[PDB]
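Beneath this line is the structure, given in structure tokens, with notes to follow.
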Amino acid sequence: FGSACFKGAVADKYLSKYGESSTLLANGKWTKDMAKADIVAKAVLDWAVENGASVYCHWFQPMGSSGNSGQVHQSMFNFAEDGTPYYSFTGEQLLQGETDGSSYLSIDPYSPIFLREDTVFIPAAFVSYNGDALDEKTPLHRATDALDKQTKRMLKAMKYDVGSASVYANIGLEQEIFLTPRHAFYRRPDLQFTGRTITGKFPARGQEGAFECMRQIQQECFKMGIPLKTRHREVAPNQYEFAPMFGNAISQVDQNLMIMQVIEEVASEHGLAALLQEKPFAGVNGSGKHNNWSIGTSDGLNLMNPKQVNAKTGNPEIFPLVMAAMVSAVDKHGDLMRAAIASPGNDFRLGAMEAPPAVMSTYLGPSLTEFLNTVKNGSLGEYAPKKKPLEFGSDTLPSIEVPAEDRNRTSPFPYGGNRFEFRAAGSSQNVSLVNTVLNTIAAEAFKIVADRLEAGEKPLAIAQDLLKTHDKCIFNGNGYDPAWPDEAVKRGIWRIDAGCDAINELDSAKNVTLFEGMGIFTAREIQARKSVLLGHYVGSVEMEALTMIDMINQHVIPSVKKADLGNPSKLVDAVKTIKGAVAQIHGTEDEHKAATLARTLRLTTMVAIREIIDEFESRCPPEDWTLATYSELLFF
Amino acid sequence: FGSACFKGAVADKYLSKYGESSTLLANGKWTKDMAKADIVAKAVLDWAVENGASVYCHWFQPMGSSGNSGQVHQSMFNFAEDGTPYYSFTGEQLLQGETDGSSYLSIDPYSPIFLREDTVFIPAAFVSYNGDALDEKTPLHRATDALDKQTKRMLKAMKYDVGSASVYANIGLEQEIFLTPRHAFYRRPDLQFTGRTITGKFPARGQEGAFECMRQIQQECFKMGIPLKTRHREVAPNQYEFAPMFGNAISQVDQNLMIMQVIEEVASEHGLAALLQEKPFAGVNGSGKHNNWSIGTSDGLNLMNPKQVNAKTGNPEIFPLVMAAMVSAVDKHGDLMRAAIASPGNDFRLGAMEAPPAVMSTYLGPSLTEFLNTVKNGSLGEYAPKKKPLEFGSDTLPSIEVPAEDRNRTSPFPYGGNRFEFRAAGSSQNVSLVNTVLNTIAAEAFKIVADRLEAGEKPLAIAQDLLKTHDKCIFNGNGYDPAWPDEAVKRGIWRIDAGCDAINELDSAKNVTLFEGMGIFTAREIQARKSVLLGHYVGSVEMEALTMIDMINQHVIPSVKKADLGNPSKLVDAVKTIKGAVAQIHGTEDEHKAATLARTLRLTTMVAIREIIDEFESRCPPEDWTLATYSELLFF
Amino acid sequence: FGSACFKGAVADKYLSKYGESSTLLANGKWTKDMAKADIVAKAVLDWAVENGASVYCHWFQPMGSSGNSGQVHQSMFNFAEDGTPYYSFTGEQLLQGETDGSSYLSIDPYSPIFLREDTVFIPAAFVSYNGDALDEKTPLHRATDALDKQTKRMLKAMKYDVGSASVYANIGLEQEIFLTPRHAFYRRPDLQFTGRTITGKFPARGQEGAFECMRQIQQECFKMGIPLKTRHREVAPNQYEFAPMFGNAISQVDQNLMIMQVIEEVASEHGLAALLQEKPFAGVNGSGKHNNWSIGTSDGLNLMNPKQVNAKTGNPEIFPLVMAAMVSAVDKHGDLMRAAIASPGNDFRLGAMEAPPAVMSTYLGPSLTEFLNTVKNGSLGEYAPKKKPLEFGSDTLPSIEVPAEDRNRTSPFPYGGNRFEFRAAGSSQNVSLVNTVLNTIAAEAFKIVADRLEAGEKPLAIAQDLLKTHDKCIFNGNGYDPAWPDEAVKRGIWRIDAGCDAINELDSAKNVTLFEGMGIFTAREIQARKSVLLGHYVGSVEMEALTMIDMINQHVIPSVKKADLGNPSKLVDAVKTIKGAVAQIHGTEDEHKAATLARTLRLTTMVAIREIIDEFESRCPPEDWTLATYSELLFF
């Protein structure tokens with residue numbers, strides 16, 4: 038409906054009062070202007086006051102804030122000498138904010168100013184006083200700008216003009232959320248403090277208003293201006309996927325963050341809880357958040373649509389080259405993608421059956437694979453996944469046409485026909501970093517191909533050179549095969565089984581040269597980003613450890629003693645071990661070393677402790693088990 | 038009413054807006070057409086939008102999905122550049138779906168597109184990318200098509216033309232459901248995870277809104293477009309039978325599946341739970357799902373009605389031959405019928421008092437039996453069950469006329485006067501496989517008789533030959549006699565006491581030659597079907613075993629310790645035994661071997677453990693018995 | 038709205054009935070007049086009677102009453122000989138009250168007569184029969200009068216006339232409140248009796277209608293006419309900050325007190341509890357109450373705005389001189405400021421990460437620091453914090469302008485651009501004392517500079533002399549550095565780590581000479597004030613100790629015995645130790661000695677006992693821990 042999103046027709050409704058329109062809001066040049074800034078400030082002031090809002094808060098995502110997004114509130118109504126609440130909202134209040142960098160928010164014109172409860176949320180980019188990007192919005196803006204400029208350069212170098220069209224990253228975010236009875240949520244300290252179950256015995260081994281909740285979500289998103297296309301269940305119990313369609317990544321990351329938020333408070337309203345962690349329950353499918361990422365222009369041109377590219381430009385060579393470019397990007401910076409997804413929860417999703425393993429190998433599909441191979445051999449045609457017939461052996465049943473591309477779900481970066489469905493991204497972790505890294509690697513590849521074009525090299529020769537350089541990362545087989553990681557390592561594809569090592573790869577020489585090359589970060593900027601990510605991971609692991617300490621000391625040991633399930637001295641020794649592990653975590657200074665110790669702890673010591681707790685729970689009566697068991701959380 | 042079923046008059050209401058009618062929807066040829074496909078897509082879009090629906094999901098039944110039916114949701118309203126939810130639903134969205142075959160859904164035009172909540176459910180057939188039938192809808196379609204073509208061939212070979220009339224399987228599905236207090240359902244993990252009580256002491260040994281619930285069922289089915297004829301109680305406590313009348317098996321299997329579903333969520337709404345398992349409670353009558361199966365043409369001709377056949381065709385010879393053919397089918401493939409019913413729960417229903425034993429012997433009734441015997445002797449007349457008088461010895465009490473056929477309830481395949489009431493089919497198991505096997509065996513016999521007719525053989529001689537070949541399977545006596553199985557074995561009738569062996573009989577040489585002969589399956593197709601069925605059975609037994617482990621360790625052992633009912637070391641030994649049995653189950657590779665071990669475990673070791681649990685429960689106070697006992701589940 | 042505040046337009050509404058207006062109420066001269074007193078008495082009588090009020094209570098803040110404000114109720118309706126409730130409210134009832142000084160309230164014309172429930176609260180000043188100021192309102196009035204007269208004198212001595220304009224202290228009071236479930240509040244005796252948790256294990260170590281509640285606060289302040297500008301969450305869980313804008317300190321202290329009250333009852337009726345203590349929870353951010361203090365005239369001139377001062381006066385020298393004045397004040401009486409904030413709860417906030425440490429060092433900001441240094445060197449210009457550009461490296465993100473002043477949050481007395489955001493003030497403690505000390509030190513500095521001006525000394529020379537005398541207290545670096553306190557001590561800046569010693573510094577020779585010099589207190593007055601403050605602190609510590617005794621004897625020891633967490637003899641010894649400590653507290657006569665013993669007890673022995681209790685709680689099951697743990701209070 039747009040009633041709670043100052044964009045498009047709703048924005049124009051009040052911009053026309055001052056002779057303006059949503060066209061001014063779309064480009065974002067109004068922030069540079071002075072009079073337009075005050076005009077839109079007055080317009081949003083009205084929009085809020087008859088929407089039932091009185092406070093405007095600048096909105097931002099702090100570095101490594103997976104939950109999830111901070112804000113600073115300010116009253117937009119003042120009191121004069123008479124002492125009356127008269128509404129007054131100027132452009133300076135709209136654009137500039139206040140928030141400490143810590144060991159002056161500025162608005163994001165490309166994100167829609169939206170509204171919740173009685174407060175208008177104004178998305179903004181967060182930096183330090185020095186000027187360092189201390190958020191995720193500014194890196195994404197820099198990455199998108201570099202992507203746009205490099206794409207324009209490479210298109211112009213091959214005799215194609217986009218005019219004033221703006222290139223960006225069109226992304227859909229298939230956000231998956233677990234829903235749990237809030238009564239059970241309050242009985243699980245780990246979910247309260249970490250968001251994912253650090254322990255709990257799954258029933259039957261493990262080798263397998278609720279409707280009101282997402283209908284309220286849908287009606288909210290309607291009134292919220294959010295085109296939430298499809299919400300539907302998933303394989304895991306009470307796991308619901310919301311899949312808004314593609315849009316500018318700058319706006320879409322904020323859309324995803326605010327969707328996560330509104331889902332959290334709606335579940336709280338419905339007597340439920342929205343578990344956003346990547347793997348909130350061990351033994352079930354991980355709550356992945358696929359990022360359908362693609363290159364999209366303002367006028368709707370998509371670089372993953374060869375037919376659309378041929379129609380709009382007339383040069384068939386665009387689609388293969390850029391593909392190899394992205395292929396090269398993966399083969400150049402797959403670790404960075406593994407770095408992007410490296411989040412506390414996501415380390416429990418990589419390598420499982422639901423999510424692809426830690427091998428960052430792209431999947432172009434079979435037919436596209438031999439098309440690119442033929443291009444590499446010196447034979448460029450036109451990729452066209454012609455649909456083959458499919459009959460069911462029954463005349464009553466219709467004969468359908470299905471794409472020859474036998475689609476794959478085992479790849480971290482598969483090409484889903486018309487876009488890259490990067491499925492490695494995690495639900496809790498905001499995809500902002502993922503889009504930054506994807507945009508910067510695409511920009512690097514486009515810059516390389518554009519430089520080669522400007523040197524006079526034929527686009528063909530660039531295609532063969534890049535393909536023979538980076539065809540190793542292309543994979544089409546079953547990625548879930550246990551014999552795949554070592555084969556990929558032999559091929560040379562990026563594969564980091566460790567999230568700690570993945571993050572530590574961020575400050576590598578190649579990655580740093582990339583970041584200053586595209587202007588995404590400085591050495592200090594990338595070092596601070598890596599430090600923040602490592603600290604976030606180690607702190608999340610430490611809080612999981614402390615919550616486990618609290619559970620054994622508070623729940624598991626008392627339950628064992630009450631039910632007389634044997635000597636709990638093993639659990640006491642486990643508490644000693646975990647406390648010592650936290651001691652070494654806090655006693656080491658190297659951030660990567662601390663993260664490595666934390667990850668080893670999480671994947672080995674607390675895993676064994678969790679197995680011990682599950683063994684003790686299986687023999688524990690339901691009344692004695694104070695902690696809410698997986699049956700109550702999942703099956704309700 | 039049809040308000041939630043896009044069929045008949047309701048479908049015509051919106052097809053007339055585009056100049057069409059329900060006649061287009063009936064035949065199913067609209068899917069082949071393009072313009073008609075888009076027209077019906079727009080019509081169903083409108084139907085849903087004022088029905089209060091916004092999402093369309095393709096609907097299918099996976100291989101061996103007894104619960109029960111998967112679906113994929115997609116939004117039928119899109120957003121343009123302005124960003125408004127405008128409804129747009131095309132034919133391609135209507136026909137094609139997305140779902141992984143796994144180690159491209161297509162609509163079922165012969166199944167009515169219906170609607171639940173705010174989502175329109177579109178029944179569809181599920182295959183693999185290769186083309187293999189990975190569902191139950193496609194095999195049933197193939198079986199029905201083979202049945203129709205063979206019936207047309209054999210009718211034409213004896214000088215009878217059906218014109219454009221379509222032959223199919225008219226089936227009624229007497230679906231029986233147990234209703235339990237959902238409060239007690241939550242206290243029985245076996246019902247939560249397996250649907251049937253793996254343990255629990257029945258009171259008194261065993262040798263013997278609720279009305280709001282099925283009135284809501286009835287009003288739903290009215291608004292849902294399902295002609296649910298009769299719902300009524302049964303012998304067992306809270307066991308309700310719903311008996312929709314006969315219809316095309318293609319539609320009726322989906323009807324039964326969605327009836328199972330809607331009953332489940334209605335019982336959940338009413339604070340109850342709908343146990344659909346075959347034998348949810350040991351010691352009471354099993355919840356069977358009789359399949360009233362018959363051969364029916366489009367114009368209403370029924371092959372089990374000799375009088376109707378004589379009236380419509382004028383040749384009395386049709387009814388005996390086909391009957392003999394059907395008899396031959398049983399005598400040729402009774403094991404396959406035993407294979408069809410072979411489901412996890414159904415192994416607790418065969419051989420009991422409520423359901424017929426594991427001897428797949430047909431029952432034609434006495435008078436029809438000697439009629440067919442006389443035909444076999446070379447004397448064909450006209451079968452006519454004349455109704456004999458029945459007086460009660462009182463002039464006040466009316467004298468009635470009752471058929472001379474003393475009907476039988478002890479047979480798995482009795483001829484209920486005008487149809488085959490195959491009572492061996494189970495409630496939880498979808499009858500789709502049962503209809504596939506019945507249709508394919510009927511088609512095989514029909515092809516045999518048609519080939520004999522085309523060779524010039526008189527239909528008489530075929531009748532005597534087939535009757536003298538396959539009269540052994542005919543049985544009229546009491547099937548519940550303990551001396552019946554060995555007598556049937558001596559006769560040569562098919563009898564598989566083991567569901568595992570019944571399923572393993574699917575890939576037999578005769579059965580495989582049948583399946584490619586009628587085109588129902590390929591060798592790979594039938595092998596995959598048998599593999600899936602065996603895996604489903606062994607997995608259900610494995611989860612019953614794991615639930616037993618959790619019950620003993622979590623409920624039975626703590627209750628014994630609390631109430632001081634003696635040493636529970638026997639229960640610990642039982643846990644060790646059942647865990648070891650699961651270990652051998654997971655340690656063997658032969659699927660039939662795994663299924664045989666699982667069945668032996670379930671019928672012997674788990675039964676002994678259940679007897680031990682019942683002994684411990686009889687001496688356990690109700691407050692100490694955490695598990696809800698049969699008294700609470702049945703008598704409420 | 039002002040409906041519950043007899044001020045401004047609402048007051049004029051009924052003053053016009055007698056030919057008066059809110060101008061009469063503003064100056065406060067009406068109390069001196071007789072007829073005007075009766076007129077306003079009748080006006081407020083009406084205002085109350087149709088607001089639904091029948092009782093008027095004189096309102097005052099007793100010495101050291103942090104909660109919070111006493112009142113005396115009296116009926117304003119009488120009964121004549123007929124016996125009818127006729128409303129009669131005279132000026133004598135309005136002005137004079139009754140309340141014992143103890144070992159004759161008079162109205163505060165500069166505070167708005169306001170209304171709550173069915174009682175009109177009339178703010179008033181509380182003294183003794185002798186005439187000694189036994190409240191905080193009268194000291195604040197004296198301090199403001201001295202500030203105004205000295206400011207007028209020093210402005211006139213440098214050729215600037217303010218006419219009839221009145222100078223005062225414009226303050227904002229960022230009051231922070233913790234919100235706790237009242238169910239948990241009733242389970243924490245320490246919160247009931249002391250307002251802050253004396254014990255309780257914080258989850259995860261510690262190294263990190278609710279919306280209806282503050283919306284009701286906001287609508288109350290509207291209908292009450294309190295311009296509560298911004299209410300918003302804070303870093304700590306359920307910590308809400310309310311930040312009314314600047315106003316006359318005399319009125320604003322009453323505003324803060326009544327806001328505290330109304331928040332308390334609103335939380336109470338919301339099923340919650342408003343913890344106003346400075347550090348209600350150890351391990352989280354302290355609930356500070358920042359006092360944004362500045363010098364403001366009646367006509368709106370602010371002494372902290374150099375541009376406004378230059379515009380209104382034309383003499384740039386005003387802003388630097390006065391600044392040095394306040395700087396001198398701090399360097400002269402920082403201990404007094406440390407004395408002002410010295411409250412029972414506030415001793416748990418100084419030295420932590422959230423609040424600045426015990427070093428009372430002002431922060432003028434870097435650029436202002438070198439501006440004042442250059443002035444001290446003999447070079448006076450015009451301070452102007454030019455805003456430097458700030459770009460995010462992205463053309464999409466706007467380029468903003470941010471002041472060159474890198475703002476600091478680690479200082480107790482930072483100059484927040486246009487005011488002094490004295491953050492050391494505590495939430496529970498009323499800022500009345502803080503404003504008294506700030507006003508009197510400002511008045512002393514202004515009197516000194518005015519005397520030097522009247523002696524003929526150039527304002528410049530006074531600037532250099534004062535700056536070279538008192539530049540040591542100026543600090544711009546990180547105040548949270550552990551190496552800062554000793555550096556400040558070597559510099560000579562005031563630093564009192566002990567609240568007891570801070571209060572004992574009140575009766576120092578310099579402080580006493582200040583207090584009679586500005587007329588704020590006499591020797592008896594200041595001695596009584598120090599005695600009351602020390603007694604308040606020691607009594608709060610004593611009741612915390614007694615509550616601790618009750619917690620161990622009533623909760624901790626029984627919980628340990630029930631859960632069998634080892635020998636509780638350590639807790640018995642702790643009870644003996646704390647009882648003995650209270651014994652020495654009650655056995656000593658020197659008030660400062662008693663306060664020092666109390667502070668030592670609270671910071672060492674009670675802290676160790678709290679650590680022991682937290683250790684026992686970590687191993688105690690939640691059901692055994694009768695006391696509500698931090699998880700329940702904070703996360704709800």
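Residue numbers (the deposited numbering), protein chains in the order written: chain D, 38 to 104, 109 to 144, 159 to 263, 277 to 704; chain C, 38 to 104, 109 to 144, 159 to 263, 277 to 704; chain E, 38 to 104, 109 to 144, 159 to 263, 277 to 704.
Just so it is clear, CB atoms sit at the ideal spot from N, CA and C, and this is done for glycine as well.
Presumed contact (8 Å Cβ cut-off) between residue i and residue j, rounded CB distance
i               : j               : result
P553 of chain C : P425 of chain C : 6 Å
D203 of chain C : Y223 of chain C : 6 Å
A212 of chain E : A518 of chain E : 5 Å
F490 of chain C : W693 of chain C : About 39 Å; that fails the 8 Å criterion.
Under the three-state DSSP convention, the category residue i falls into
i               : result
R237 of chain C : helix
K526 of chain E : coil
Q115 of chain D : strand
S467 of chain C : coil
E438 of chain E : helix
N225 of chain C : strand
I168 of chain D : strand
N316 of chain C : strand
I363 of chain E : strand
C-alpha distance - residue i paired with residue j, whole-angstrom precision
i               : j               : result
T206 of chain D : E700 of chain D : 52 Å
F120 of chain C : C94 of chain D  : 29 Å
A420 of chain E : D682 of chain E : 20 Å
Under 8 Å between C-beta atoms of residue i and residue j
i               : j               : result
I177 of chain D : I232 of chain D : no
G111 of chain D : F97 of chain D  : yes
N225 of chain E : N370 of chain E : yes
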